[PDB]
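Asks: Protein chains in written order, with this note's numbering: chain A, 71 to 268; chain B, 55 to 246; chain C, 71 to 268; chain D, 55 to 246.
Below: one structure in structure tokens.
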Ligand SMILES: Nc1ccn([C@@H]2O[C@H](COP(=O)(O)O[C@@]3(C(=O)O)C[C@@H](O)[C@@H](O)[C@@H]([C@H](O)CO)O3)[C@@H](O)[C@H]2O)c(=O)n1
Ligand SMILES: Nc1ccn([C@@H]2O[C@H](COP(=O)(O)O[C@@]3(C(=O)O)C[C@@H](O)[C@@H](O)[C@@H]([C@H](O)CO)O3)[C@@H](O)[C@H]2O)c(=O)n1
Ligand SMILES: Nc1ccn([C@@H]2O[C@H](COP(=O)(O)O[C@@]3(C(=O)O)C[C@@H](O)[C@@H](O)[C@@H]([C@H](O)CO)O3)[C@@H](O)[C@H]2O)c(=O)n1
Ligand SMILES: Nc1ccn([C@@H]2O[C@H](COP(=O)(O)O[C@@]3(C(=O)O)C[C@@H](O)[C@@H](O)[C@@H]([C@H](O)CO)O3)[C@@H](O)[C@H]2O)c(=O)n1
């Protein structure tokens with residue numbers, strides 16, 4: 071007896087997604103992560119290596135690009151592909167940013183072990199839905215999503231979790247760029263001229 | 055303090071999401087996806103450049119995950135042969151914040167020459183743009199201010215884009231009545 | 071007492087790579103593979119789904135592009151990513167082309183199992199250095215590389231093996247395009263105008 | 055018969071590989087790689103479009119595998135922020151069959167504005183082209199005929215390009231004295 075129009079259904083989705091974003095835990099973990107990024111990339115001239123699987127990995131891809139776009143060299147390392155030679159992308163002073171909703175993604179656990187064997191000094195920041203997970207407990211810094219309910223009709227498909235992860239990405243980029251004092255001239259050098267209205 | 059600054063960021067991002075304009079365009083977009091992919095057995099081809107393109111990637115994956123075959127077609131690469139990915143009954147989902155991204159304009163022209171019946175949905179910050187005007191359905195981001203210190207870096211725009219993606223997937227999976235059984239067949243056993 | 075200049079060293083590498091190509095086994099397996107591609111894609115209107123890991127995977131990527139460029143719709147499905155939802159790219163009448171030098175690549179074995187559970191009618195062509203492997207024996211068609219020695223100084227890095235793989239890719243494309251009678255007009259529609267001198 | 059036709063294709067592809075012109079340009083390219091990456095600790099940024107770009111992808115992986123950090127930078131995506139991947143001491147390896155690929159020409163100009171000291175090696179079928187003449191080192195494919203039925207599709211050209219990649223990797227790993235221990239560290243345990 072209770073028809074709901076598509077518009078109203080979508081407005082509720084907006085409220086749920088917006089609420090998930092408002093609920094992102096904000097602790098001194100952010101300051102610690104931003105300090106690591108500034109120290110390792112901006113000062114020591116390493117690069118930020120991001121990784122994840124599935125939709126979470128695609129957010130990691132987007133975070134690497136946003137950092138490149140804001141003067142923090144960054145590359146996505148596919149965690150399966152790492153095991154077939156791509157691990158050799160790693161250089162001295164690099165920093166890892168890993169995304170794992172579960173905190174126990176097989177390829178990410180495997181990547182951390184292999185990366186540590188190659189360079190035990192490498193640090194990692196983890197973005198996860200589960201701060202009690204192995205990856206979270208082993209991380210140098212753990213950023214939690216707050217573990218919002220997915221808006222998937224089955225409660226399963228990454229939706230609100232991935233929206234939260236992209237915001238955590240934005241936060242890291244914006245706080246870092248404030249510290250590095252990234253300029254509009256440096257922005258222009260990393261983009262085609264249309265970005266400056268030329 | 056950094057904590058207060060991040061809280062302000064969260065307010066701005068959440069407000070951008072709350073501000074996404076909701077019209078009958080969503081139902082029209084969902085009906086096209088249901089018709090072309092669910093009924094006619096085409097696939098959803100997504101595209102974009104830069105960070106917006108990476109959102110387009112994530113949307114394709116989300117659709118595959120929920121029973122709507124979907125692939126990302128790089129709009130520059132399309133012009134070097136990858137356009138041949140296109141099959142009868144496919145549907146394009148194009149993401150362009152400006153609504154005039156060079157490679158997306160080029161993609162639309164080449165795709166139209168290949169198959170003039172192909173339709174497209176565009177997600178854009180500028181519904182008055184060429185791409186928007188030519189689209190079969192236009193979904194606006196509401197063009198929120200970026201939270202970038204320079205006002206330039208895609209941040210709130212790409213967060214909105216990912217949410218629009220989520221919306222399309224959720225409303226589609228309602229219509230197609232996608233089941234947990236079919237979810238489980240598209241994922242490793244840990245997902246059950 | 072026996073210095074070898076770089077030019078002479080490189081000439082030897084060319085001889086070795088060229089010989090690997092000459093040595094590619096040519097049997098009726100090619101006709102069977104081409105028949106499957108023509109049947110599934112050209113007649114039944116499925117698409118060709120390629121996959122591999124590491125450098126072999128990048129050859130799989132290149133084959134998908136070459137097929138698209140010649141009128142055989144094709145996409146690369148990353149075999150790890152398949153397990154996180156991307157398996158849903160698969161449609162009725164699709165055909166798999168898998169590349170595994172060892173013929174036991176973890177993610178490829180996992181992919182075939184998962185794909186078979188989704189659609190047991192799906193067939194696969196495997197390109198491999200080991201025709202006695204599990205993937206080779208399970209395949210509908212097995213195309214062997216001949217297993218050339220790598221030109222790597224350690225004998226390990228994929229070099230001659232991936233050169234052969236890309237050639238096997240070229241063979242499948244050329245023989246299929248003969249059968250489909252792909253035209254210059256159809257080529258033109260899948261490329262920018264510079265490709266036609268326009 | 056198909057067997058005879060395939061045998062002919064093998065001959066053509068093998069001959070293309072044998073015909074790769076070998077000059078001091080290889081030593082010059084390997085010295086740049088060893089200097090910029092091995093000595094100065096930069097990374098090798100590869101790029102290309104279309105199938106040639108997928109060869110550039112495979113070269114980056116092969117260098118990583120052999121102790122030369124390397125990453126593929128998509129030349130269109132570079133113009134949307136990804137150019138910021140570039141670090142001091144990096145070296146570019148560009149693949150353009152025509153030697154005038156729009157995105158690669160655009161990439162060189164943007165890269166040069168970012169860091170005028172950046173050098174580039176170009177692999178091309180046309181050593182008289184703009185990209186070729188402005189490169190620090192030009193490695194030519196010998197522009198073999200394609201085995202495509204139309205003479206169009208990159209086949210022999212891309213086979214030559216992958217071999218040129220193998221050459222650079224092998225000659226570089228000789229100079230760097232890369233060891234099995236270091237190989238094993240960049241691969242899963244099955245590789246040992
Ligand atoms: N050792 C493991 C690893 C994972 N899982 C389960 O497998 C599912 C998928 O988790 P994942 O393999 O770590 O993969 C990711 C992840 O990062 O968690 C990928 C990401 O893109 C997204 O698809 C999320 C989902 O949001 C589910 O967590 O899943 C989860 O329910 C997880 O609890 C498990 O039971 N045991
Ligand atoms: N014919 C064009 C095309 C673009 N532009 C300008 O170039 C800039 C970049 O727009 P784009 O090339 O279309 O690229 C995208 C886009 O989709 O709009 C890519 C996307 O990932 C993201 O980086 C957005 C930015 O959010 C800015 O729009 O930019 C914008 O300021 C746009 O107005 C322009 O002036 N003229
Ligand atoms: N169950 C398995 C799987 C693999 N291996 C070993 O692991 C190594 C890597 O093989 P792979 O993981 O299957 O990966 C690939 C492969 O497809 O074989 C990827 C490809 O890009 C290329 O790097 C090749 C190498 O050429 C070695 O085969 O390796 C090989 O020595 C193989 O014999 C193994 O011992 N047991
Ligand atoms: N300013 C330009 C640029 C390109 N072209 C022409 O456009 C075609 C495609 O060349 P490209 O855009 O540079 O693209 C590549 C290239 O790198 O040359 C990509 C590569 O993967 C492969 O598809 C090759 C072909 O092998 C043809 O060169 O093409 C060629 O015929 C070239 O001569 C042109 O006429 N004018």
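We treat Cβ as the ideally placed atom computed from N, Cα and C, and that holds for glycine.
#1: Could you tell me whether the Cβ atoms of residue 195 of chain C and residue 266 of chain C are closer together than 8 Å?
#2: Does the beta carbon of residue 190 of chain B come closer than 8 Å to any beta carbon on chain C?
#3: With DSSP as the reference, identify every bridge partner of residue 124 of chain B, one or two as the case may be.
#4: Using only CA atoms, which one of B:184, B:128, B:71, B:65 lies nearest to residue 230 of chain A?
#5: Just to check, is the beta-carbon of residue 162 of chain B closer than 7 Å to a non-hydrogen atom of ligand 3?
#6: So, are the CB atoms of residue 155 of chain C and residue 124 of chain A less than 8 Å apart?
#7: Restricting to runs no shorter than 4 residues, where is the alpha helix (DSSP H) found entirely within the stretch 167-252 of chain C?
#8: Would you tell me roughly how many angstroms separate the C-alpha atoms of residue 130 of chain D and residue 137 of chain D, rounded to the nearest one?
#9: Any idea if residue 73 of chain C is buried or exposed, counting beta-carbon neighbours within 10 angstroms, 16 or more meaning buried?
#10: Around the Cβ of residue 97 of chain B, are there at least 16 other Cβ atoms within 10 angstroms (buried) or fewer (exposed)?
#11: For residue 139 of chain C, which residues in chain B fall below 8 Å Cβ to Cβ?
#12: So with Cβ pairs under 8 Å, would you call residue 198 of chain C a contact of chain D?
#13: So, are the CB atoms of residue 218 of chain D and residue 122 of chain D less than 8 Å apart?
#14: Anything in the stretch 117-131 of chain C with a Cβ closer than 9 Å to a Cβ of chain A? List those residues in chain order, please.
#15: Would you mind reading off the limits of the alpha helix (DSSP H) that contains residue 104 of chain D?
#16: Using the beta-carbon of each residue, which ones in chain D are nearer than 9 Å to residue 190 of chain A?
#17: Less than 8 Å between CB atoms is the rule here; does residue 151 of chain C satisfy it with respect to chain A?
#18: In chain C, which residues lie less than 8 Å from residue 270 of chain A when you measure between Cβ atoms?
#19: Name, going along the chain, the residues of the stretch 198-231 of chain D whose beta-carbon falls closer than 8 Å to a beta-carbon of chain C.
#20: Under 7 Å between beta-carbons, which chain B residues line up against residue 112 of chain C? List them in chain order, please.
#21: Please indicate yes or no: does the CB of residue 228 of chain A lie closer than 7 Å to some heavy atom of ligand 1?
#22: Just the Cα atoms here: how many angstroms apart are residue 65 of chain D and residue 57 of chain D?
#23: What are the boundary residues of the alpha helix (DSSP H) that includes residue 91 of chain B?
#24: Please determine if the stretch 153-170 of chain D and the stretch 162-171 of chain A are in contact, where contact requires at least 3 C-beta pairs separated by less than 8 Å.
#25: Tell me, please, whether the CB atom of residue 135 of chain A is closer than 8 Å to any CB atom in chain D?
#26: Cα-Cα, which of B:173, B:190, B:194 is closest to residue 150 of chain B?
#27: For residue 67 of chain B, which residues from the same chain have a beta carbon less than 7 Å from its beta carbon, with the 5 sequence-adjacent residues on both sides left out?
#28: Compare the C-beta of residue 125 of chain B with all C-beta atoms of chain F and state if any pair is closer than 8 Å.
#29: Using beta carbons (cut-off 8 Å, strictly below), is residue 142 of chain B in contact with chain C?
#30: For residue 234 of chain D, does the count of other Cβ atoms within 10 angstroms reach 16, so buried, or fall short, so exposed?
#31: Helix, strand or coil, according to DSSP, for residue 92 of chain C in the structure here?
#32: Determine, for residue 86 of chain C, whether the minimum Cβ-Cβ distance to residues of chain B falls below 8 Å.
#33: Quick one: what does DSSP say residue 140 of chain B is sitting in, helix, strand or coil?
#34: Please list the partners that residue 76 of chain D has in chain C, where partner means a Cβ-to-Cβ separation under 8 Å.
#35: Using the beta-carbon count (16 or more within 10 Å), is residue 220 of chain B buried or exposed?
#36: Taking CB distances under 8 Å as the criterion, tell me whether residue 88 of chain B reaches chain A.
Replies: Here's the rundown:
#1: Not closer than 8 Å, so no.
#2: no
#3: Beta-bridge pairing links residue 124 of chain B to B:98.
#4: Ranking B:184, B:128, B:71, B:65 by Cα distance to residue 230 of chain A puts B:71 first.
#5: no
#6: yes
#7: 176-188, 204-208, 230-250, all fully within the stretch 167-252 of chain C.
#8: 10 Å
#9: exposed
#10: buried
#11: 134, 135, 136, 138
#12: no
#13: no
#14: So the list reads 123, 124, 125, 126, 127, given in the order they occur along the chain.
#15: 104-119
#16: By Cβ distance, chain D contributes nothing, its closest Cβ being about 12 Å from residue 190 of chain A, past 9 Å.
#17: At least one chain A Cβ lies under 8 Å of residue 151 of chain C.
#18: Residue 270 of chain A lies beyond the stretch modelled for chain A, which goes from 71 to 268, so this question has no answer here.
#19: 201, 202, 203, 204, 206, 207, 208, 209, 210, 212, 213, 216, 217, 220, 221, 223, 224, 225, 227, 228
#20: The contacting residues do not exist; residue 112 of chain C stays about 12 Å from chain B at best.
#21: yes
#22: Distance between the alpha carbons of residue 65 of chain D and residue 57 of chain D is about 13 Å.
#23: Premise fails: residue 91 of chain B is in no alpha helix (DSSP H) and is neither H nor E.
#24: With a cut-off of 8 Å, the stretch 162-171 of chain A and the stretch 153-170 of chain D do not count as touching, because too few Cβ pairs lie within range.
#25: yes
#26: B:194
#27: 201, 210, 213
#28: Any reference to chain F falls outside this structure, whose protein chains are A, B, C and D.
#29: Yes, its Cβ sits closer than 8 Å to a Cβ of chain C.
#30: exposed
#31: Helix.
#32: no
#33: coil
#34: 77, 80, 81, 84
#35: The residue in question, residue 220 of chain B, is buried, as its Cβ has 16 or more Cβ neighbours within 10 Å.
#36: no
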